[PDB]
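As structure tokens, the structure follows; a few thoughts come after it.
Virtual Cβ from ideal backbone geometry, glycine too; neighbours counted across all protein chains shown. Nothing in this text is a laboratory measurement; each read-out follows from the coordinates by a stated rule.
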Amino acid sequence: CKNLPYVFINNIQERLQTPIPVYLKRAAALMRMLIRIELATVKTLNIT
Amino acid sequence: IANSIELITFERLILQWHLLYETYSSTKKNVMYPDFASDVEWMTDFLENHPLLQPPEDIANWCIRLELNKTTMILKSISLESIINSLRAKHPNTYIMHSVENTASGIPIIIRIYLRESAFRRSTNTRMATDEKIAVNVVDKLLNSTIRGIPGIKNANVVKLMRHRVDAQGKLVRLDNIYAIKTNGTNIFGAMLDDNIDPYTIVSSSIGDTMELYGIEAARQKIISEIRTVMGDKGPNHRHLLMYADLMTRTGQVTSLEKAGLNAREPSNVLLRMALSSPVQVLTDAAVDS
Amino acid sequence: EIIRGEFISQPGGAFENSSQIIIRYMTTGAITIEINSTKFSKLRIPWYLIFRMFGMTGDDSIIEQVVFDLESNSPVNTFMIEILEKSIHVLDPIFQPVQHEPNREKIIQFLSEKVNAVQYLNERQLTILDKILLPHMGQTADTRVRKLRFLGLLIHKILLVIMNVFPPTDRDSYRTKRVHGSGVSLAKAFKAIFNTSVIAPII
Amino acid sequence: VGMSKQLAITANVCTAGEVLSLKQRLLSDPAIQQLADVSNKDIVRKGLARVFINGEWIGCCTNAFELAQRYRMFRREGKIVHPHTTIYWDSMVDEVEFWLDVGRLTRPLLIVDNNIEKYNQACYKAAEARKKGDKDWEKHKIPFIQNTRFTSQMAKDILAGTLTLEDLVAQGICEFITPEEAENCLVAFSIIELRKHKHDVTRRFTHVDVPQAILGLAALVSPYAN
Amino acid sequence: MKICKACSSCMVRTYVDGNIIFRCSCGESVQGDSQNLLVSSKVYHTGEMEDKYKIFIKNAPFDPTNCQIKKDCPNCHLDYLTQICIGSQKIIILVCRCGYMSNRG
Amino acid sequence: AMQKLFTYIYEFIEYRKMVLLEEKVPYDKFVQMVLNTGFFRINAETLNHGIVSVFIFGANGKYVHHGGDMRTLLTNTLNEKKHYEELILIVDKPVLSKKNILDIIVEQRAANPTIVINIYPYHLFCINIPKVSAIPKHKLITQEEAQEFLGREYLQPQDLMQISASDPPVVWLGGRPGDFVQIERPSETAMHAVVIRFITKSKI
Amino acid sequence: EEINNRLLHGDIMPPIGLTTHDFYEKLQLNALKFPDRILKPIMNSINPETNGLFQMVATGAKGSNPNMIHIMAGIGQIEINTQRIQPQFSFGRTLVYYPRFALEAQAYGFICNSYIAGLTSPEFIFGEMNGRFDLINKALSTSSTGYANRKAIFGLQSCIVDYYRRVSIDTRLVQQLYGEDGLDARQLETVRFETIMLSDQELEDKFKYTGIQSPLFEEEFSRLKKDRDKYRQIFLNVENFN
Ligand SMILES: [Zn+2]
Ligand SMILES: [Zn+2]
């Protein structure tokens, strides 16, 4: 979830962990929330 | 609240108005039109009941006689006192005779406004317009005067609204009992100034009014909402509406999707504007402009 | 404009020429009649001039012709007069010098320019007008009173439409339509070419 | 675009009539006063009705409806008025028009005639008996009747070719109605409706039509179109 | 309005401060009486059914295209009385060829 | 209009983080001042110790209708020894249309380039504009943050979306031309959204 | 006919804002409407298992319920612009086949027949009026759409995505991110968020994992709560300006 905004940047910046723009963070916010909902510890209790 | 909000112009209450070109005063016993000669009974009475108010003697020899519709006054729940107070406050230029007091059905409510020299003397400013014609401007102004209600709102109908709201339990619950007023015109400023309305939630279908009152971002959201409404049930994805609004609000002011709008967004793009329309004019302006 | 009352008059059969007598009502309160023919083609002549040209001097009678009465107290009759009275005092931009000339001759003269030598000019323009105005009534020039009465009928109908007594004429309705065969269509182009082929050797 | 419009099966454009003869008859006959005799004040005071022929206001008459009915009867007779003349009476304004123009669509129609004059006369007699002590007023009342003069025998003759439309119009069975004169007509949409209201005095029909008449050949080709 | 006896023509309505006066292009100006004080009168009424349909009502019983009802004429005692629903107010005025006009004058 | 302006004009001062240098007066006294004098004046001090003066002009006032009266008022006020920072002139919307008053405004600004002189209609302050539902959350960012944002994006200030300095939210924020405002929009496609706009010249 | 009698006696009292004529027309229009029980006789006669027309309609392959009702039961009231056939033949008449002031519903566009039964002449005329109206509206709609289509195309032409995924017109930004999400319109599918409508207690019961007594799970649940509250606040606000 933290690195999700990097999909708008290459994987190079993700490896270097450079600062992410606030607008890109906002763009990724909705999918971050959906991932949190659908991958909650209760939901993915049997996943390896 | 909806009844209060609706604009009630003076003309809505009149039954018939007349222009008589007469002067009222105890001196010279000026004759009156024979049909309204019967007014003498309450003409002098009004002075007796309201001695503090007397003819300023600035009469311009132009007068208005207005009968009022009792049924409309009862329906709208407006009393003659409010009507005369509004008329006098908004028209200091003339002298108002309350005339007939509220009566049982059978005695018509009548009003006699006498025009003072103040308004007529101003005619010389623009043109030597005859005092007869400036008089009809005055009668129209009186007719259009707002007795009550927010200006620019023709109608106002209570409407049942559906809105969510987080309850004390923390649950989002849809409420269908909410009532609200849906007007027929647009005046965000008037609604803001008028209590009994939540000023922070006023919603208008006007893009220009929204831009003027709130700003460019509010105008952008209004454009999105209005285009979505026009689209109907089979509307496109939202991102296309976002494209439309963002382009039309790029420069900080709402711009059109037309020759004027293009010239404001891409002025230097001579060729694109030539393709749209008016190739020769665009080419001429581009050449002279270099 | 407010409305337009159009009346194409054709005498006899369809092969005779037609006169499109328009009767407009300006937003300012003026009533103008446009002959829209060879002469006075673009002249918006106020109605009261047209009335006096033909020989209608008295203004009261001029109002009467439109209202067919001058004493009845019908609300329709009354309101008509105020509309018509204001028409007299419109102060039109053109015809203003001739607007209030009691002399019949002077009224006719002013138009001749805008198109006893004066008698010839009058004898020319007035006969021309008789030929051009409401031909279906006649062209002998002795039926001028009848033409004026019918003009008043038209003014009355248009004004009644103004007051909302009646609805405007329905365009799509076939009660006011006619279907013309080949002969009518051929006669149209024939007039242009046949005259054109006849004028060409005249020179 | 389909701006084209097709004529109906029975629709037939009309030829210019002889207006001069009809105008002569109208002005010469009584009940019509020339414009010279009447005055613009006179018509309003006396409620006179103006008479138009081909759009020309020839004169005026006391009663518009009476004159229009008389001239329609003359047309049915064929004595004075050509069968193709349009006799239109306006009731919203007292006017009696007479159009003999060229280009008027015309369709034949069967004339529906009734016995209202007898119905009314018996109606008066029955009411009088009510004031009296007869108590048999009902015996005077008679049922209303409206029925066309078309007969099954005549229909067979048409198919055999013996009887033609001109002969139908020659007799009072049929007459042509233009869209102008249509405004003065109440038409039963089919013989079924005319029979259904045979004795109904509430709805009296002026003509009866064949429902197929509202379609052209191109549309009539399709079977069971309705 | 006013027509000067010298020549039939509209008298322009130009008031003098002391009292009303009328004038024409030919002169002969004549003062205005008490009745001429009123210059502009407007009445707020819906429709003109007084005479907007007056002629129509007169001819209605003689127009075959008009609807009819089975009520009785008080004067003629006919079994049928012509009906018309005139005006946006939906006023139902039964009429007979005799002149009897129910629901109205 | 006047009653709403009186209650909310002080909230505008509070939003700008200024501090009033005079004691508040009751509404009746406040209005009374408007009729007799034609204008009511509020003076507040900013964080940098600048002085902002607010002039509320009632309708049917001499200043609104005559340019000379405005000229003497502005000139005398500017000649004062206060370290002025801005001069806010609130008027009726019809006043803005009048050309003479605006000509008085423009000439005064030229005489004092360092000072900022703005004229606004009533409706800008007849409501708490930040708390309107349809107005997103505007915010001013330091020139350093905007410079970093532009550098990371290879952008120039002329390339950003433009927002007028007369925009009610910007007016309440107090941003001047050449500054950057960050807007947090509510978006349907994506829950959140953030944009940066370049403040341009105020209209009029 | 009961409404007609009410009008005859003058018992029609229009509400405020509607004239007697408009109120009467609306009342008659509401009166002339199929009871929705008209479907019962249709379904009784047809066999759903072997009726081709019914199967085509019910599977959605072609047709609709009003189609079957018109074919079998009856066409009903013709409505143009949500109103009956306004009198246009003459002053009071709607067609040459009816009196000037007719009260019967048949005169204002009510068809008691069915397509299978065979319409009469006036019913046929009314149906064709309706059809011509529909065709005219379609043609005018397309004609009006084309012009605005070209104007919009030229207005929005120069908006092209760039290497930052922004939308710009020659380096001048129009959007900080295409659609504010940077996604293709054809790569989206509707999904439901469960936490949005849940109550506080329901959300805690459903999502708060309690297997391990560690602060990390409390933090995760708090994050879920924050996201729920943000979604509510933002989209509740969208209601307040819509
Ligand atoms: Zn004179
Ligand atoms: Zn009778």
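Taken over the range C:171-203, the criterion of being within 29 Å of residue D:35 (Cβ to Cβ) and either among the charged types (D, E, K, R) or more than 12 Å from chain D (Cβ to nearest Cβ) (or both) is satisfied by C:175, C:177, C:178. Number of residues in the range D:54-72 that are at the interface with another protein chain (Cβ under 10 Å from one of its Cβ atoms) and closer than 21 Å to residue D:175 by Cβ: the value is 6.
Of all residues in the range B:139-158, those being part of a helix (DSSP H, G or I), touching an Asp or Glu at 6+ places or on another chain (Cβ under 9 Å) and of a type in the set (A, V, I, L, M, F, W, C) number 2. Filtering G:131, G:118 for residues that are closer than 26 Å to residue G:82 by Cβ, within 33 Å of the chain's Cα centre (by Cα) and surrounded by fewer than 21 Cβ atoms within 10 Å (Cβ to Cβ) leaves a single hit, G:131. For residue G:232, the test of being of a type in the set (D, E, K, R) and more than 30 Å from residue A:41 (Cβ to Cβ) is failed. Residue under question is residue A:23, and the condition is that it be among the hydroxyl-bearing types (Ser, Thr, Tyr), at the interface with chain F (Cβ under 9 Å from one of its Cβ atoms) and either within 9 Å of the chain's Cα centre (by Cα) or surrounded by 14 or more Cβ atoms within 10 Å (Cβ to Cβ) (or both); does it hold? Yes, satisfied. Scanning the range B:159-215 for residues that are part of a loop (DSSP other than H, G, I, E, B), among the acidic types (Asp, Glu) and closer than 30 Å to residue G:194 by Cβ gives a single hit, B:167.
Scanning the range D:142-186 for residues that are surrounded by fewer than 18 Cβ atoms within 10 Å (Cβ to Cβ) and among the acidic types (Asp, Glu) returns D:157, D:166, D:167.
When you scan the range E:49-62, do you find a residue that is more than 16 Å from ligand 1 (Cβ to nearest atom) and touching a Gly at 6+ places or on another chain (Cβ under 6 Å), even just one? Yes - at least one qualifying residue is present in the range E:49-62. The set of residues in the range G:116-131 that are within 11 Å of chain D (Cβ to nearest Cβ) and under 18 Å from residue D:214 (Cα atoms) comprises G:118, G:119, G:120, G:121, G:122, G:123, G:124, G:125, G:127, G:128.
Residues of the range G:187-197 that are out of contact with any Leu (no Cβ under 8 Å at 6 or more places or on another chain) and facing chain B (nearest Cβ under 9 Å): G:188 alone. The set of residues in the range D:190-221 being more than 19 Å from residue G:128 (Cβ to Cβ), part of a helix (DSSP H, G or I) and either under 19 Å from the mean Cα position of the chain (by Cα) or within 11 Å of chain G (Cβ to nearest Cβ) (or both) consists of D:191, D:192, D:193, D:194.
Return yes when residue B:221 is of a type outside the set (D, E, K, R) and more than 9 Å from chain G (Cβ to nearest Cβ) and no when it is not. No. Filtered by the rule that a residue be touching an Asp or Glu at 6+ places or on another chain (Cβ under 9 Å) and assigned to a helix (DSSP H, G or I), the range G:65-108 gives G:105, G:106, G:108. When residue E:45 is tested against the conditions (1) within 16 Å of ligand 2 (Cβ to nearest atom); (2) in a loop (DSSP other than H, G, I, E, B); (3) within 22 Å of the chain's Cα centre (by Cα), the lone failure is (1). In the range E:49-83, the qualifying residues are those that are under 30 Å from residue B:67 (Cβ atoms) and either within 10 Å of chain D (Cβ to nearest Cβ) or out of contact with any helix residue (DSSP H, G or I) (no Cβ under 7 Å at 6 or more places or on another chain) (or both), and the one that is nearest to ligand 2 (Cβ to nearest atom) is E:57. List every residue pair whose Cβ atoms lie under 7 Å apart, where the two residues are 6 or more positions apart in sequence or sit on different chains, the first residue falls within the range B:98-121 and is closer than 24 Å to residue B:61 by Cα, and the second residue, located anywhere, is basic (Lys, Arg) and part of a helix (DSSP H, G or I). Every condition considered, the pairs that remain are B:109/B:70. Within the range E:84-101, restricting attention to residues that are surrounded by fewer than 20 Cβ atoms within 10 Å (Cβ to Cβ) and within 10 Å of ligand 2 (Cβ to nearest atom), the residue that is nearest to the other protein chains (Cβ to nearest Cβ) is E:97. Cβ-Cβ contacts under 8 Å between residues 6 or more apart (or on different chains), taken from a first residue in the range C:54-66 that is farther than 19 Å from residue D:42 by Cα to a second residue that is among the aromatic types (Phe, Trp, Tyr) and surrounded by 14 or more Cβ atoms within 10 Å (Cβ to Cβ), are listed as C:59/C:48. State the number of residues belonging to the range E:1-18 that are within 9 Å of ligand 1 (Cβ to nearest atom), among the charged types (D, E, K, R) and either outside any loop (DSSP other than H, G, I, E, B) or closer than 17 Å to residue E:34 by Cα (or both). Going through the range E:1-18 one residue at a time, the tally reaches 0. Within the range F:147-172, the residues that satisfy the criterion of being part of a loop (DSSP other than H, G, I, E, B) and of a type in the set (A, V, I, L, M, F, W, C) are F:155, F:160, F:165. Looking only at the range E:19-36, filter to residues that are away from ligand 1 (no atom under 16 Å from the Cβ) and outside any loop (DSSP other than H, G, I, E, B); which one of those is farthest from the other protein chains (Cβ to nearest Cβ)? Among those residues, the one meeting the criterion is E:36. Restricting the search to strands (runs of 3 or more DSSP E) fully inside the range B:25-134 and requiring at least 3 residues that are within 14 Å of chain E (Cβ to nearest Cβ) and under 30 Å from residue E:33 (Cα atoms) gives B:59-68, B:110-116.
Name the residue that is nearest to ligand 2 (Cβ to nearest atom), counting only residues in the range E:2-11 that are over 16 Å from residue C:48 (Cα atoms) and surrounded by 14 or more Cβ atoms within 10 Å (Cβ to Cβ). Within the range E:2-11, the match that is nearest to ligand 2 (Cβ to nearest atom) is E:2.
With respect to (1) part of a helix (DSSP H, G or I); (2) closer than 18 Å to residue F:193 by Cα, the lone exception for residue A:36 is condition (2).
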